[PDB]
2 protein chains.
Amino acid sequence: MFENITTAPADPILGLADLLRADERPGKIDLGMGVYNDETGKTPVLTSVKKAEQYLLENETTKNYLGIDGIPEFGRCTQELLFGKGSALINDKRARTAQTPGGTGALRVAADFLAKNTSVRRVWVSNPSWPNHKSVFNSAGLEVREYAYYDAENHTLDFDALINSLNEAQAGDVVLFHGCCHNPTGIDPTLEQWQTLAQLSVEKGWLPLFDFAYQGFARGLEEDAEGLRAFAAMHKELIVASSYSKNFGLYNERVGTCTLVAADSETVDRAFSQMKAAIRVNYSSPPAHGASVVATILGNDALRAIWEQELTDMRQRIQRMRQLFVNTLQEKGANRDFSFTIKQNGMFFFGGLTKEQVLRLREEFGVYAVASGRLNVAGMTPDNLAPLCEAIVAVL
Amino acid sequence: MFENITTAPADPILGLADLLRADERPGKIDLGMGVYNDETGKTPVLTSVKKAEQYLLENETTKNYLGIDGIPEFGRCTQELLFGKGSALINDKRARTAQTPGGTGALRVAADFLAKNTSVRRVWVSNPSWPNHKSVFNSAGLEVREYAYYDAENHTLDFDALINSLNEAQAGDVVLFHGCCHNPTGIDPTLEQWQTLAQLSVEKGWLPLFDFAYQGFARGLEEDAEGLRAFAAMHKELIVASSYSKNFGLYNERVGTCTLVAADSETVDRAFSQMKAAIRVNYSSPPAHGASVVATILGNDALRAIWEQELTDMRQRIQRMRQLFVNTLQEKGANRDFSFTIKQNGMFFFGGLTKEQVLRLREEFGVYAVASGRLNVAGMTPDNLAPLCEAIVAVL
Ligand SMILES: *Cc1c(COP(=O)(O)O)cnc(C)c1O
Ligand SMILES: *Cc1c(COP(=O)(O)O)cnc(C)c1O
Ligand SMILES: O=C(O)CCCC(=O)O
Ligand SMILES: O=C(O)CCCC(=O)O
């Protein structure tokens, strides 16, 4: 069977981990995968998470199966983060959430759901976007098209090109939108633009699909949900996949959700039964630990208070880091002006380097970034900032 | 989109959980899902697991991503449980294991792997078998055929019918075998029969796929692996999916593995890269907690000692329970002779009731079992044994 099998090409993001382990040069700077690092260059487990785990340890009595859609309390809590306390969606019982294995698992289930229960044939992904998007939808059997988004020249959102290219999207097509902190550009639509996209969407007949992986990293929990919420108030149906890997620092515990929204409760229930069937045929039920931790935190006011301050701290460290990055670059006499970095939201720096420049960075300096020229700013520490900038200047 | 969607039919096993929550009659007896229960009718978290969790709590420093195939130490440990300490497979580096979300996740990944990287078009499943098998393979796009196995009349393995029906399996076909504790019959092949199937398999050109969900529940860890091992010594390629939900009582933490075996290390590596690609497009990486617990236990001699005694205890409680079950049935003046129950391995009782009899059991008595007439013996306690047997006698 396996005699003619070809070696699959390494993942453009995850492949960096393998490369790094083989490179024994001490001063390696990892700016690849989008995980948070503290001032010491370590990705630690939040204090709020440790405390919740303590609670679980002491009060957990069984590890019996969770139910296809997972921990009920967890779904309720995620809905409020996304839609808001007194959301009409929540109150009209138009939403159903399923706990999934990370944000990727959520995208996979929505894709399987779509592929087999609707007439959806294609999904529109921004150009550029997280690489795994195309892969997830294509493996489900869906065709993936791309719409204009970034403006490499001005480093902004080319709204006109976005709209003009999306006019090719027919009714019944899925249009994938990043809730906030657009991976990898860091450029998000203004609230005004979100409303325009919302009205255009309903008018054209698109099925919105939001990918929320960084809620809380742009401006704050609620502020970051404005885009989705503008879409929620006008749409009958929509799908939203979120992750808790980044904002809770629970990467390996695989915590995320897939939410379905329909015109009413009976439609959403009928649809949700098919989503559960797609899950039963994948992993059966989701992993409890990570979601249990998230439910425990959000549900307890004290733990929630500590968690929110931790999220605020992380965001604040990244914002200060990108400013310090641009400042140090000028001191090293960097060729180009990278001030646009400060306008980007999230953990990434994008639009400054070329593929060959990043290749030379790892080759000659041991600095690891994604081939598209995307650097994890959250991986920059006061200690490595200097030798890193020196590496960049020598490559410009 | 979701206007014409049909309601998916409830799962034949998992659907019991929903039914039970709506039935408010106090004396409900749950004998559906195959989860272990102690003398009090509770499914607790093992002491060995609690201790490992304590260790994790104290010594875990990060929750950063695990790597597509998961915790390396965990894969190594699972290979020894399955193949044995000095296995040639391990030493010739012909095996590669991927940590997956439970045993179902493992079956799903192997299915996606098969469907897209090999010429496999069909899988042979025993009649009967766990219901989710067909579903998992069909959703992957593979055709599912069935081979004779059980003998309802004599309550044994109809070996002749098995072989005779499997002769319809062409070379390049996948043949799914349950490692031990056949779900739901509880009838497994004798070691002699395993060797016959092994020789027949190689001669016919079948691709073996073992489902290991109850290793340690029939006779013991090693004894239960004899069947697979007889197949391993003669086969170049094979796939094995295992679960740790039952033998470690880590149901909701979703712990399992998918192992690939090829003629040599280079072939297995080439093949394994495609399996990783299939995972990246599903859930990206697996949940660390459950597997971390399993790695911690198996790796530490003291914890392993406690765990093995816990497994021995569980098995011993089920063996005593089925004997007490048959004994109490005769005292209640049961119509039929159910002594064959004692010959079955695992947590289940199968072959005594009809669909209508199980319907009447939940309807009139609140006793819940699977519609196929399969009862979870591990759910029987000294307290419920009597009213349960009374319910059965009144239905015979
Ligand atoms: C991180 C990320 C994901 C994946 O979420 P997981 O929890 O790691 O599976 C999905 N989409 C985007 C845009 C991401 O940044
Ligand atoms: C329990 C079981 C599974 C599922 O394993 P999970 O860890 O629950 O996903 C698979 N196959 C058989 C035969 C089982 O009994
Ligand atoms: O790729 C992933 O699965 C996680 C890191 C996210 C990113 O770097 O875009
Ligand atoms: O069905 C499942 O997913 C778990 C219980 C196993 C069984 O009852 O066969």
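Residues numbered from 1 in each chain as written, not as in the entry; some residues may be left out. Chains lettered and ligands numbered in written order. Heavy atoms only, no water.

- Determination of this PDB entry was carried out by X-ray crystallography to a resolution of 2.50 Å, according to the record.

- In its Cofactor section, the UniProt record describing chain A reads: "pyridoxal 5'-phosphate".
- Recorded under Subcellular location, the UniProt text for chain A is reproduced unchanged: "Cytoplasm". (UniProt positions renumbered as here; feature names shortened; annotations may be inferred.)

### A few points about the relation of the copies chain A and chain B
Part 1: Here chain A sits on chain B after a turn of 180° about the axis and a move of 0.0 Å along it, with an RMSD of 0.0 Å. Look at the turn and shift together and you get a two-fold axis relating the two.
Part 2: The fraction of interface residues of chain A whose copies in chain B are also interface residues reaches 100%, indicating that both copies meet through the same surface. (Least-squares fit on C-alpha atoms. Contact = heavy atoms within 4.5 Å.)

### A short note on the side chain of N384 of chain A
Residues and elements named next belong to chain A.
Part 1: Along the chain, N384 falls in helix α14 (residues 382–393).
Part 2: The exposure class of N384 is buried, given its relative accessible area of 15%.
Part 3: A distance of 3.3 Å separates a polar atom in the side chain of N384 from the backbone oxygen of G379.
Part 4: If near-sequence neighbours (up to four positions away) are discounted, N384 is found in contact with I29 and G379. (Helix = DSSP H or I, 4+ residues; strand = E, 2+ residues; numbered from the N terminus. Buried < 20%, exposed > 50% of the residue type's maximum accessible area, 1.4 Å probe, protein only. Polar contact = N/O pair within 3.5 Å; in protein donor to acceptor, adjacent residues only side chain to side chain.)

### So, the site of ligand 4
Part 1: For ligand 4, the full set of nearby residues is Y65, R280 and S284 of chain A together with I13, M33, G34, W130, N183 and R374 of chain B.
Part 2: Around ligand 4 the close residues trace back to chains A and B.
Part 3: Here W130 of chain B contributes a side-chain N or O atom positioned 3.1 Å from an oxygen atom of ligand 4.
Part 4: Considering only residue class, the shell around ligand 4 consists of four nonpolar, three polar and two charged. (Near = heavy atom within 4 Å. Nonpolar A, V, L, I, M, F, W, Y, C, P; charged D, E, K, R; others polar.)

### Re the site of ligand 2
Part 1: Inspection of the region around ligand 2 gives 13 residues, with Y65 of chain A together with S243, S245, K246 and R254 of chain B positioned closest.
Part 2: More than one chain reaches ligand 2: its neighbouring residues belong to chains A and B.
Part 3: Measuring from an oxygen atom of ligand 2, one finds a side-chain N or O atom of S245 of chain B at 2.4 Å.
Part 4: The side chain of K246 of chain B places a nitrogen or oxygen atom 2.7 Å from an oxygen atom of ligand 2.
Part 5: If ligand 2 stood free it would expose 380 Å²; the protein chains cover 96% of that surface.
Part 6: Counting residues per element, the shell around ligand 2 draws most heavily on helix α5 (residues 102–117) of chain B, which supplies three residues.
Part 7: A breakdown of the residues in the shell around ligand 2 according to their chemical character gives four nonpolar, six polar and three charged. (Areas by Shrake-Rupley, 256 points an atom, 1.4 Å probe, with all protein chains shown as cover.)

### Quick word on the packing of aromatic side chains
Residues and elements named next belong to chain A.
Part 1: A full pass over the atoms with the stated rule returns 40 aromatic pairs over all chains.
Part 2: Taken together, the aromatic side chains of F177, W194, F210, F212 and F231 make up a single cluster linked through ring pairs.
Part 3: Taking the ring centre of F348 as reference, the NZ or CZ of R374 above it sits at 3.8 Å. (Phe/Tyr/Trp six-rings, centres within 6.5 Å; stacked < 30°, edge-to-face > 60°. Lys NZ or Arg CZ within 6 Å of the ring centre and 35° of its normal.)

### A word on helix α1 (residues 15–22) of chain A
Residues and elements named next belong to chain A.
Part 1: Residues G15, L16 and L20 constitute the buried set of α1. Buried residues of α1, viewed axially, fall in a sector of 135°; they line one side. Within α1, the exposed residues directed more than 90 degrees away from the buried face are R21 and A22.
Part 2: In this structure, the buried residues of α1 make contact with β1 (29–30), α13 (355–365) and β12 (367–368). (Arc of directions from axis to C-beta.)

### Some thoughts on the environment of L191 of chain B
Residue and element names in this part refer to chain B.
Part 1: Within the element layout of this structure, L191 appears in helix α8 (residues 191–204).
Part 2: You can call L191 partly exposed: its relative accessible area is 38%.
Part 3: Linking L191 and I297, residues 106 residues apart in sequence, is a C-alpha distance of 29 Å.

### Here's the deal with the interface of chain A and chain B
Part 1: Counting residues at the interface gives 74 residues for chain A and 74 residues for chain B.
Part 2: Roughly 6400 Å² is buried in total at the junction of chain A and chain B, and carbon and sulfur atoms are behind 57% of that figure.
Part 3: Considering only the side of chain A, the residues that lose the most area to chain B are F2, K63 and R280 of chain A, jointly responsible for 14% of the buried surface there.
Part 4: For the pair chain A and chain B, the interface holds eight salt bridges.
Part 5: For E53 of chain B, the salt bridge is made with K63 of chain A, and the minimal N-O distance between the two is 3.1 Å.
Part 6: Remark: the boundary between chain A and chain B carries 43 residue pairs in polar contact.
Part 7: Of all the secondary structure elements, the ones that give two or more residues to the side of chain A that touches chain B are α2 (47–59), α5 (102–117), α6 (132–139), β10 (255–261), α10 (265–280) and α11 (288–299) of chain A. (Buried area = accessible area lost by both parts, 1.4 Å probe. Salt bridge = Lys/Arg side-chain N within 4 Å of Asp/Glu carboxyl O.)

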